[PDB]
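Report on one structure; see the data block that follows.
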Amino acid sequence: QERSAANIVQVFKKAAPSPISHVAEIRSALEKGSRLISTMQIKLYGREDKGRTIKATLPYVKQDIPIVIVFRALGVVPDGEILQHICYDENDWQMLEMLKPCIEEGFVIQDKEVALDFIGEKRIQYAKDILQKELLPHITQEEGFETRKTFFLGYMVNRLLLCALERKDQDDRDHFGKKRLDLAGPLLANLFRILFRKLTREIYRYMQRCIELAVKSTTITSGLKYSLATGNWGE
Amino acid sequence: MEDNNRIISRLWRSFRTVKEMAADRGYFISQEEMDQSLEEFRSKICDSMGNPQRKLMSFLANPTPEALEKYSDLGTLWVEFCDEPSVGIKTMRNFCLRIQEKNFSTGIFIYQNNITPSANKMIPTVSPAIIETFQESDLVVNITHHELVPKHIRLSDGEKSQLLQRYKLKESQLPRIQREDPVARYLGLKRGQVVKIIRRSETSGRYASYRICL
Amino acid sequence: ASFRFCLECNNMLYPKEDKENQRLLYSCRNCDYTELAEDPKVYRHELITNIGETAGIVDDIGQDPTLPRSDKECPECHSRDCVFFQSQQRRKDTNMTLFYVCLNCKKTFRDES
Amino acid sequence: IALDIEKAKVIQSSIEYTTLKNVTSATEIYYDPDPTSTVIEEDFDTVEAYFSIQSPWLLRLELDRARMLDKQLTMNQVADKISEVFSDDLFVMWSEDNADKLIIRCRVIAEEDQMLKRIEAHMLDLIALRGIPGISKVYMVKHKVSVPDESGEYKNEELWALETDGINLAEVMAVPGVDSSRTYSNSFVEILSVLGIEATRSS
Amino acid sequence: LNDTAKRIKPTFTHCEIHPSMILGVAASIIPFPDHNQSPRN
Amino acid sequence: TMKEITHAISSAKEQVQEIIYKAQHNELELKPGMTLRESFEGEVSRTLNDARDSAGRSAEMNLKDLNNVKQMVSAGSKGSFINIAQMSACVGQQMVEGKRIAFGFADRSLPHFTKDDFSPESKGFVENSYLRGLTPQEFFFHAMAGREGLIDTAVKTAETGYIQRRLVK
Amino acid sequence: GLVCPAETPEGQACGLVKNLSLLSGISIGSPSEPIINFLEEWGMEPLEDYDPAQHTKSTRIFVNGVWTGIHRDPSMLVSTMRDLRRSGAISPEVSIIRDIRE
Ligand SMILES: [Zn+2]
Ligand SMILES: [Zn+2]
């Protein structure tokens, strides 16, 4: 079973009839461990004309958020320390220009407090959570690595414009190299989890009857069978 | 000459069209009265420098010797112009009354850009008579003169009550045409009138179709 | 060029006019800091680009086998082992001239005529 | 006018909607507060020669040469239009087609650097120079049209014809030089609403 | 130089083990697939 | 004849190299209504096409009135010039969506080529005849062209029928 | 190279069903660290402290879609790991791509 690989930088132009100009995406999943299937969407409204914001989509967030806040929300509030990460050439006025209107957007939030706030003390605390378990979940969910991702989020918005400025073509959607193939071994995983997780909460039910062996090891036998027999993976 | 020499030249083709339309409808006009060259037109409704006074363009016309034979009660027509690129409820009464007394039956105001919603809400306020509104930029070229546009013709309630009888048709069973159709307007059709179409046919030579105006 | 921002509250620099003295000043709208203008140029648009054709050419651009070999001769060391290509500006309106670079100088001489 | 080669063009360039955006190679906004000298060398003269028989904001434009040679235009013309577009609230100056550097200076007449940026687009995307709108590319063609010679017999009498790459009718009908008795847009959708259900069918 | 019968032939870093290895089971059994209209193969 | 053809492809190759040189110098004009790139295309296509077109025609008049394949073309019972051509002379240039083989690999047709190679052996021109047995590259391109055919042939087959059903109903 | 061009079902899904070539193979899963180490022990100044202007042509390296810092002159660092693999101490299955043009 073929499937567009994950953890890679792409960029797509989106048709004249649409409030969005171009967009870049990146599918992320832990190479070893659960394998979450939540993708990061860093859109770019305002077509290649109209008077051009930059918003990105996060898991559980209703609307989309403007990149600026995301920097201050990480731990970098001042400029030039930000372009440090984005641009690797102070003499690239073109790129820089585009960004101007955007800084003004977030100009209304001048610190980390409100930054982690606007995402609707309880939420701010929750905000952190959404950065260690939702924000770019691959790479690692440890703690003291905040810095690196900032350089990433800079390298992305970069790769973006590099196309949005007709310097690099739109990413070849069917460039097989950026496609993987889940053979037998891999399949028995994403399938298993769905099961074992129902097995997890099954042994939870027996303990929720014990007003004080039992495990019918056929559900892991018959479950597997169902799929392989018919062709219906998911439980 | 500047670029105002042309702002007359266009208003003129738009003019000439009206004429043609007035004559095709079934009215009086001398071939000369239609062939009033752009030259002898300029010097007639212009002041000094080069601005046009429409208040002096309006006129009357009447039913030819023939038209009374097929269409009995076909009244007299009246075309009026205005220099106000946005005419309103006031210069309206100038029209609304002007006909309500003279007693014509056919009003044809030529709004340059547009009449007011407060204004036009007084058109069916002078019945039996009816009034139509035509934008300027839509009358510079007569659409009937076109190659694909075939010559049409109206039909008396006799020739109509015949057609229907001759083919045993129930009106609804007849090909339609929109009331706000460019040609339908041009000939001032009405909900209930028929129109005979005569066009070329690469199989027999000439076919005769008819469209009623719903 | 390499223009600048400003210390204290590290932000973008917006310009303002030095009224009483008639000259251009630059500033900040977060604190108060103000430094004069580095250059009178503020914004440029360019609807018919030409910048980015020379696209990053590290000396190592001679070990990438997927590139063509031309036997011309640079405007300086006068060698005869040069590589080339066309503008990297993916613009449907660009042109198709060849720019050549020599591994023993780094010029940008064309083949045009 | 049938085989009048230049007459074809003479109308072509009078219908094909050309906008400032397709001739501007670049645009910049410098700061020059002195309406009696420039901070530019190759500009000096053009100031001094403007002292014989307002706002501090300057605006310079770098137009493309070959694009001004293609569709053919003149600074005198170009500006003339601009001026009557805005009128009494925008002073503009300009070099002359002869020079080795085309330039266009200008000034106007609570945060101005934001407004004079909104007026950057409205100038580059809401200002047409020549043409009825929506009609880009316009090629020319010589078609084969058989026809009745005066001597009776039918014969080869080819005539030039203009084909477009866009669709506007209401306007391109009343254009000096066409036969608004033969005009035709392939957009049947339009035609029926404009020329009457009949002509639609024909199409 | 060459024979006017055979097929006309038109820094190197790597070589192809053999072009006839890009095929899978199906085409692998077809003799001279380079002489038929490809869509037929 | 197999020789007489060869130098009509060699010369045509140079008649291409000439206009590629004359293009990598901006010494060519944009055919009105088309982009310099599009206008680049416009010539290569009309060059390779006209080459193959006469390439075959050379053999056509070289095949006597007894040649069976010919007979089956005169009779009108199968195939036409084109067919013979692609089997005895030059198959031709391959193409998809109207334009010569794209650049799926960054700035090149295949990795076996030097980047920015605009020549015909890269843009999909099969110079060989079926009788001579195509080269790998050529063999590949050819398929991608045919591949396009089968696509709609498994879509227009019933979509025309869709379009049809409406017309009926 | 990877897939056979001809073998594929007619009609319906056609080209959505591909068969593998003879020489093609799929990866299995090697280890990152024995090369991460091998990097941060040969010239690899960690990403953490970077200066875009001070470090102009710093060749950045990505690992499985992650940015594990940059590196100065890579040319030697490169043709050593690849030679280490050829002897077989870091699985022949890993992929290493250098995009000089960037
Ligand atoms: Zn500050
Ligand atoms: Zn050199």
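Each chain in the structure tokens gets a letter, A, B and so on, in the order shown; residues start at 1 in every chain, and ligands are counted from 1 in the order they appear.
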For the structure I just gave you, how does DSSP split segment 49-152 of chain B - specifically, which residues are strand (DSSP E)? Reply as a PyMOL selection string. chain B and resi 59-60+76-80+105-109+130-133
Could the residues that lie within 6 Å of ligand 2, counting only C-alpha atoms and all ligand atoms, be listed as JSON, numbers by chain? {"C": [74, 76, 77, 78, 79, 102, 104, 105]}
Just-selected residues, N, CA and C atoms written as a PDB file, in the first residue's frame:
ATOM      1  N   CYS C  74      37.083  31.981 -19.168  1.00  0.00           N
ATOM      2  CA  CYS C  74      36.820  33.073 -18.232  1.00  0.00           C
ATOM      3  C   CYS C  74      37.491  34.408 -18.552  1.00  0.00           C
ATOM      4  N   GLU C  76      39.284  36.131 -16.645  1.00  0.00           N
ATOM      5  CA  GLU C  76      40.446  36.400 -15.792  1.00  0.00           C
ATOM      6  C   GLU C  76      41.587  35.378 -15.802  1.00  0.00           C
ATOM      7  N   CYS C  77      41.327  34.155 -15.344  1.00  0.00           N
ATOM      8  CA  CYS C  77      42.389  33.149 -15.302  1.00  0.00           C
ATOM      9  C   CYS C  77      42.611  32.510 -16.665  1.00  0.00           C
ATOM     10  N   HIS C  78      41.673  32.745 -17.582  1.00  0.00           N
ATOM     11  CA  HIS C  78      41.749  32.196 -18.933  1.00  0.00           C
ATOM     12  C   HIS C  78      41.945  30.680 -18.929  1.00  0.00           C
ATOM     13  N   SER C  79      40.960  29.972 -18.381  1.00  0.00           N
ATOM     14  CA  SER C  79      40.984  28.515 -18.325  1.00  0.00           C
ATOM     15  C   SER C  79      40.063  28.024 -19.430  1.00  0.00           C
ATOM     16  N   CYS C 102      33.124  29.823 -14.200  1.00  0.00           N
ATOM     17  CA  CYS C 102      34.355  29.060 -14.338  1.00  0.00           C
ATOM     18  C   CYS C 102      34.847  28.719 -12.931  1.00  0.00           C
ATOM     19  N   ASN C 104      37.562  28.506 -11.797  1.00  0.00           N
ATOM     20  CA  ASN C 104      38.816  29.175 -11.482  1.00  0.00           C
ATOM     21  C   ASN C 104      38.702  30.697 -11.574  1.00  0.00           C
ATOM     22  N   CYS C 105      37.634  31.220 -10.963  1.00  0.00           N
ATOM     23  CA  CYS C 105      37.312  32.653 -10.874  1.00  0.00           C
ATOM     24  C   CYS C 105      35.907  32.854 -10.302  1.00  0.00           C
TER      25      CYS C 105
END
Using only C-alpha atoms and all ligand atoms, find each protein or nucleic acid residue lying at most 7 Å from ligand 1; present the set as an MDAnalysis selection string. chainID C and resid 6:11 28 30:33
For chain D, report every residue with an atom at most 8 Å from chain C (counting only C-alpha atoms), formatted as a ChimeraX atom specification. /D:21,24-31,33
Applying 10 Å and only C-alpha atoms, which residues near residue 26 of chain F remain after dropping the ones on its own chain fewer than 4 positions away? List them as a VMD selection string. (chain C and resid 95 to 98 111 to 113) or (chain F and resid 20 to 22 36)
Dump N, CA and C atoms for the selected residues as a short mmCIF file (atom, residue, chain, number, x, y, z; two decimals), in the first residue's frame?
data_model
loop_
_atom_site.label_atom_id
_atom_site.label_comp_id
_atom_site.auth_asym_id
_atom_site.auth_seq_id
_atom_site.Cartn_x
_atom_site.Cartn_y
_atom_site.Cartn_z
N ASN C 95 13.74 34.52 -19.80
CA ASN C 95 14.32 34.25 -21.11
C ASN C 95 15.20 33.01 -21.02
N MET C 96 15.75 32.57 -22.15
CA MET C 96 16.56 31.36 -22.11
C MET C 96 17.99 31.57 -22.62
N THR C 97 18.78 32.33 -21.86
CA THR C 97 20.17 32.57 -22.21
C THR C 97 21.00 31.74 -21.25
N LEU C 98 22.21 31.37 -21.65
CA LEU C 98 23.03 30.56 -20.76
C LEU C 98 24.05 31.41 -20.02
N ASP C 111 26.43 33.31 -23.39
CA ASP C 111 26.69 32.75 -24.70
C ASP C 111 25.84 33.52 -25.70
N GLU C 112 24.99 34.39 -25.17
CA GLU C 112 24.08 35.23 -25.94
C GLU C 112 24.74 35.98 -27.10
N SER C 113 23.92 36.50 -28.01
CA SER C 113 24.40 37.25 -29.17
C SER C 113 23.30 38.09 -29.81
N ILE F 20 18.56 25.91 -31.22
CA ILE F 20 18.66 25.86 -29.76
C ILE F 20 19.78 26.84 -29.44
N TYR F 21 20.79 26.86 -30.31
CA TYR F 21 21.91 27.77 -30.18
C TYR F 21 21.32 29.15 -30.40
N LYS F 22 20.55 29.26 -31.48
CA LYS F 22 19.90 30.51 -31.87
C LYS F 22 18.79 30.88 -30.86
N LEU F 36 7.92 33.15 -24.95
CA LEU F 36 9.22 32.77 -25.49
C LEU F 36 9.44 31.28 -25.28
#
Write out as a PyMOL selection string every residue belonging to chain F that has an atom at most 12 Å from any atom of chain A, counting only C-alpha atoms. chain F and resi 102-107
Would you mind listing what lies within 12 Å of residue 85 of chain D as number ranges by chain, with only C-alpha atoms counted and same-chain residues fewer than 5 positions away left out? D: 78-80, 90-92, 122-123, 126-129
Got time to write the residues from that selection, N, CA and C atoms, as a compact mmCIF listing (two decimals), in the first residue's frame?
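New file result.txt:
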# COMPACT_ATOMS: atom_id res chain seq x y z
N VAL D 78 0.82 58.86 -22.10
CA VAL D 78 0.78 58.17 -20.79
C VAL D 78 0.32 59.08 -19.66
N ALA D 79 1.16 60.07 -19.34
CA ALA D 79 0.89 61.03 -18.28
C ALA D 79 -0.43 61.77 -18.48
N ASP D 80 -0.62 62.36 -19.67
CA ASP D 80 -1.85 63.09 -20.00
C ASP D 80 -3.05 62.35 -19.42
N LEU D 90 -2.83 65.43 -7.47
CA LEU D 90 -1.66 64.57 -7.72
C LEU D 90 -0.79 65.20 -8.81
N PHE D 91 0.28 65.86 -8.38
CA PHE D 91 1.22 66.49 -9.29
C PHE D 91 2.19 65.44 -9.81
N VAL D 92 2.36 65.36 -11.13
CA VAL D 92 3.25 64.37 -11.73
C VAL D 92 4.20 64.99 -12.77
N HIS D 122 -3.74 50.55 -6.41
CA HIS D 122 -4.79 51.28 -7.14
C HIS D 122 -4.31 52.04 -8.38
N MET D 123 -2.99 52.21 -8.50
CA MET D 123 -2.35 52.89 -9.61
C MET D 123 -1.86 51.88 -10.64
N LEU D 126 -5.65 49.52 -11.27
CA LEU D 126 -6.94 50.17 -11.47
C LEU D 126 -6.80 51.37 -12.41
N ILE D 127 -5.83 51.30 -13.31
CA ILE D 127 -5.58 52.39 -14.25
C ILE D 127 -5.23 51.75 -15.60
N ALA D 128 -6.19 51.85 -16.52
CA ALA D 128 -6.03 51.34 -17.88
C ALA D 128 -5.50 52.47 -18.75
N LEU D 129 -4.82 52.13 -19.83
CA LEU D 129 -4.27 53.15 -20.72
C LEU D 129 -5.04 53.14 -22.03
Report as a ChimeraX atom specification all protein, DNA and RNA residues lying within 10 Å of segment 27-42 of chain G, evaluated on only C-alpha atoms, omitting residues in the same chain fewer than 6 positions from it. /A:31-32,180-181,183,185-186 /G:61,63-64,68-71,74,76-78,81,89-95
Show me, as a ChimeraX atom specification, the residues that have an atom within 12 Å of residue 131 of chain D when counting only C-alpha atoms, minus same-chain residues fewer than 5 positions from it. /D:11-20,71,136-138,168,171-172,175
Those residues with C-alpha atoms, as a CSV table (one decimal), in the first residue's frame please?
chain,number,residue,atom,x,y,z
D,11,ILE,CA,-7.5,49.4,-34.4
D,12,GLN,CA,-5.8,46.5,-32.7
D,13,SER,CA,-3.9,48.8,-30.3
D,14,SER,CA,-7.2,50.8,-29.9
D,15,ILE,CA,-9.1,47.8,-28.5
D,16,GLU,CA,-6.6,45.5,-26.8
D,17,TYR,CA,-6.9,46.4,-23.1
D,18,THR,CA,-3.4,47.4,-22.0
D,19,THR,CA,-2.7,48.3,-18.4
D,20,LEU,CA,0.2,50.1,-16.6
D,71,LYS,CA,2.3,48.4,-28.1
D,136,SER,CA,-5.9,40.7,-23.4
D,137,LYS,CA,-4.0,39.1,-26.3
D,138,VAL,CA,-5.3,39.9,-29.8
D,168,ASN,CA,-16.4,41.8,-24.1
D,171,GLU,CA,-18.2,47.7,-26.1
D,172,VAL,CA,-16.3,46.1,-28.9
D,175,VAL,CA,-15.8,50.3,-32.0
Name the residues in contact with residue 57 of chain F at a cut-off of 12 Å, using only C-alpha atoms, excluding same-chain residues fewer than 6 positions from it; report them as a list in words. residues 1, 4, 5, 8, 50, 51, 63, 80, 81, 82, 83, 84, 85, 86, 88, 89 and 90 of chain F
Please, which residues of chain B lie no more than 12 Å from chain D when the count uses only C-alpha atoms, and can they be set out as a ChimeraX atom specification? /B:3,6,9-14,17,135-152,175-187,197-201,209-211
